[PDB]
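A.B. asks:
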Amino acid sequence: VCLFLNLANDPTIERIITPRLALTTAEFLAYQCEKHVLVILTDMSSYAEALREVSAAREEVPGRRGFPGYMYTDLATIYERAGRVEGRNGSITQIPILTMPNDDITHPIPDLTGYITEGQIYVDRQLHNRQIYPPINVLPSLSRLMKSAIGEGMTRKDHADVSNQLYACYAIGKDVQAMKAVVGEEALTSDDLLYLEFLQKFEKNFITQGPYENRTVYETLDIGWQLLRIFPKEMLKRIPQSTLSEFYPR
Amino acid sequence: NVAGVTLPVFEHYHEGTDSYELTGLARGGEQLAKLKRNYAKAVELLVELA
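Chain order of the listed sequences is 5 and 7.
Per PDB author numbering, residue 257 is the first one in the first sequence, and the count goes up by one each step.
Per PDB author numbering, residue 100 is the first one in the second sequence, and the count goes up by one each step.
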């Protein structure tokens, strides 16, 4: 672990130098010693503020929301230094983190970050208000490489289909909770009771992980199976029968 | 309370008043009892329909 600290009270000009130093050291350790590296950058909104200030000192024409016109190019030359290269046994993986002013999804920073990076992870304020740690909202989450990042041989054959089935179950469970609130408990069918129980158990077990519980991928799929055990196999229509005859009776 | 709104219904209630005895006109008790039972069923079934 190599850590670069830049406190708030430090001079603002140094805030734009640290990302370059971190990425250069990462490129060294990756493409010279053949290591796998995961680099993390935090609070990139502060970087945007620093770039805004240095541009304002430069006395240049502002842009949309006062940000520099060349901001997209700068963030591009920052983010992209990542991936794999032929002829090397090594890789890099960039996990940016940034804040959203006033929860504005259409703010320039996340928008221009959207046109470079891949996928989106969200955290739900309500779930934080429900005291569930760590509150990662699965519903809006996306991933473009998930199609091929998982597959047969590299892992078990039961990763993508399990995710799709659990997504469907959670969606219909939240919908059935809403419908119960609308109408009442007396109007629920047996499947509706199963949906509500699954939703409660999911929000109690899967998302709730605690700070130090190191669930492996295998244990995670096992707990997903444990949650899916509530339902009859018939209602589990998103899992093919070919794996239900192997996995449901356990 | 079938739903969030409420809808009137009714319940048959056997008050229990004694039936008039028919024994003078040819002692017609059995047949009148049969008719009484038939309409006793009809009353309850039409309360349900009501």
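Each residue gets a CB set at the ideal place from its N, CA and C atoms; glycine is no exception.
As a quick exercise: from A282 (chain 5), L455 (chain 5), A424 (chain 5), pick the residue whose alpha carbon is nearest that of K436 (chain 5).
C.D. replies: Selected option, being the one with the closest Cα: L455 (chain 5).
A.B. asks: What is the rounded straight-line gap between the Cα of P364 (chain 5) and the Cα of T355 (chain 5)?
C.D. replies: Whole-angstrom Cα-Cα distance: 12 Å.
A.B. asks: What residues from chain 7 crowd round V439 (chain 5), counting only those whose CB sits closer than 9 Å?
C.D. replies: Neighbours of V439 (chain 5) on chain 7, chain order: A102, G103.
A.B. asks: Threshold first: 3 residues or longer. Then list the beta strand (DSSP E) segments lying entirely within the stretch 325-399 of chain 5, N to C.
C.D. replies: As far as the stretch 325-399 of chain 5 is concerned, its whole beta strand (DSSP E) runs of at least 3 residues are 347-352, 376-379, 392-398.
A.B. asks: Decide yes or no for the touch test of the stretch 466-483 of chain 5 against the stretch 412-427 of chain 5: beta carbon pairs closer than 8 Å, at least 3 of them.
C.D. replies: They touch, by the three-pair rule.
A.B. asks: Identify, in the order they occur along the chain, each residue of the same chain with its Cβ nearer than 6 Å to the Cβ of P391 (chain 5), setting aside the five sequence neighbours on each side.
C.D. replies: Hits under 6 Å: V379, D380, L383, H384.
A.B. asks: Please state if the CB of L398 (chain 5) and the CB of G375 (chain 5) are separated by a distance shorter than 8 Å.
C.D. replies: In contact: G375 (chain 5) and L398 (chain 5) (Cβ atoms closer than 8 Å).
A.B. asks: Are the CB atoms of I272 (chain 5) and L307 (chain 5) within a distance shorter than 8 Å?
C.D. replies: A contact, by the Cβ cut-off of 8 Å.
A.B. asks: Answer yes or no: the CB of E315 (chain 5) versus the heavy atoms of the ligand MG, is any distance below 7 Å?
C.D. replies: In terms of ligand content, the structure shown is empty, and the ligand MG therefore cannot be addressed.
A.B. asks: Select from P488 (chain 5), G322 (chain 5), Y303 (chain 5) the residue whose C-alpha is nearest the C-alpha of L263 (chain 5).
C.D. replies: The shortest Cα separation from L263 (chain 5) among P488 (chain 5), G322 (chain 5), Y303 (chain 5) belongs to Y303 (chain 5).
A.B. asks: Any chance the stretch 420-430 of chain 5 sits against the stretch 341-358 of chain 5, with 3 or more Cβ pairs inside 8 Å?
C.D. replies: The stretch 420-430 of chain 5 is not in contact with the stretch 341-358 of chain 5.
A.B. asks: Apply the 10 Å Cβ neighbour rule to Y112 (chain 7) and answer buried if 16 or more other Cβ atoms are within range, or exposed otherwise.
C.D. replies: Per the 10 Å Cβ criterion, exposed.
A.B. asks: Tell whether a beta-carbon distance below 8 Å holds between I463 (chain 5) and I388 (chain 5).
C.D. replies: Yes, Cβ-Cβ distance for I463 (chain 5) and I388 (chain 5) is below 8 Å.
A.B. asks: Thinking C-alpha only, which one of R471 (chain 5), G429 (chain 5), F458 (chain 5), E442 (chain 5) is nearest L452 (chain 5)?
C.D. replies: Nearest option by C-alpha distance: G429 (chain 5).
A.B. asks: What residue does the beta strand (DSSP E) around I428 (chain 5) start on, and which one ends it?
C.D. replies: Where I428 (chain 5) is concerned, there is no enclosing beta strand (DSSP E), although the alpha helix (DSSP H) it sits in stretches over 416-438.
A.B. asks: Just mark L106 (chain 7) as buried or exposed, buried being the case when its beta carbon has 16 or more other beta carbons within 10 Å.
C.D. replies: With fewer than 16 Cβ atoms within 10 Å of its Cβ, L106 (chain 7) is classed as exposed.
A.B. asks: Pick helix, strand or coil for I406 (chain 5), following the three-state DSSP scheme.
C.D. replies: Three-state DSSP puts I406 (chain 5) in coil, outside helix and strand.
A.B. asks: What is the residue span of the alpha helix (DSSP H) that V142 (chain 7) lies within?
C.D. replies: From DSSP, the alpha helix (DSSP H) with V142 (chain 7) extends over 129-148.
A.B. asks: Could you tell me the alpha carbon to alpha carbon distance between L331 (chain 5) and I406 (chain 5), rounded to whole angstroms?
C.D. replies: Going from the Cα of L331 (chain 5) to the Cα of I406 (chain 5) covers about 29 Å.
A.B. asks: Beta-carbon within less than 8 Å of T280 (chain 5)'s beta-carbon, same chain only, minus the 5 sequence neighbours each way: which residues are those?
C.D. replies: Closer than 8 Å at Cβ, skipping near neighbours: no residue.
A.B. asks: From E459 (chain 5) to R321 (chain 5), what does the alpha carbon distance come to, in whole angstroms?
C.D. replies: Taking the straight line joining both Cα atoms gives about 39 Å.
A.B. asks: How far does the alpha helix (DSSP H) with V257 (chain 5) in it extend, from its first residue to its last?
C.D. replies: Unbroken run through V257 (chain 5): none, as it is neither H nor E.
A.B. asks: According to DSSP, is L401 (chain 5) part of a helix, a strand, or is it coil?
C.D. replies: The answer is coil: DSSP assigns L401 (chain 5) none of H, G, I, E or B.
A.B. asks: Do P324 (chain 5) and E316 (chain 5) count as a contact pair if the criterion is CB distance below 8 Å?
C.D. replies: It is a contact, given that the beta carbons lie within the stated cut-off.
A.B. asks: Note down, in chain order, each residue of its chain lying with its Cβ closer than 7 Å to the Cβ of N345 (chain 5), except the 5 sequence neighbours on either side.
C.D. replies: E290, listed in sequence order.
A.B. asks: Considering only DSSP beta bridges, list what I296 (chain 5) is partnered with.
C.D. replies: According to DSSP, which records beta bridges pairwise, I296 (chain 5) is partnered with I351 (chain 5).
A.B. asks: How would you write the range of the alpha helix (DSSP H) that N470 (chain 5) sits in, first residue to last?
C.D. replies: From DSSP, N470 (chain 5) is part of no alpha helix (DSSP H); its letter is neither H nor E.
A.B. asks: Which of the three DSSP states is assigned to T268 (chain 5) in this structure?
C.D. replies: In the structure shown, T268 (chain 5) sits in a helix (DSSP, three-state: H, G or I).
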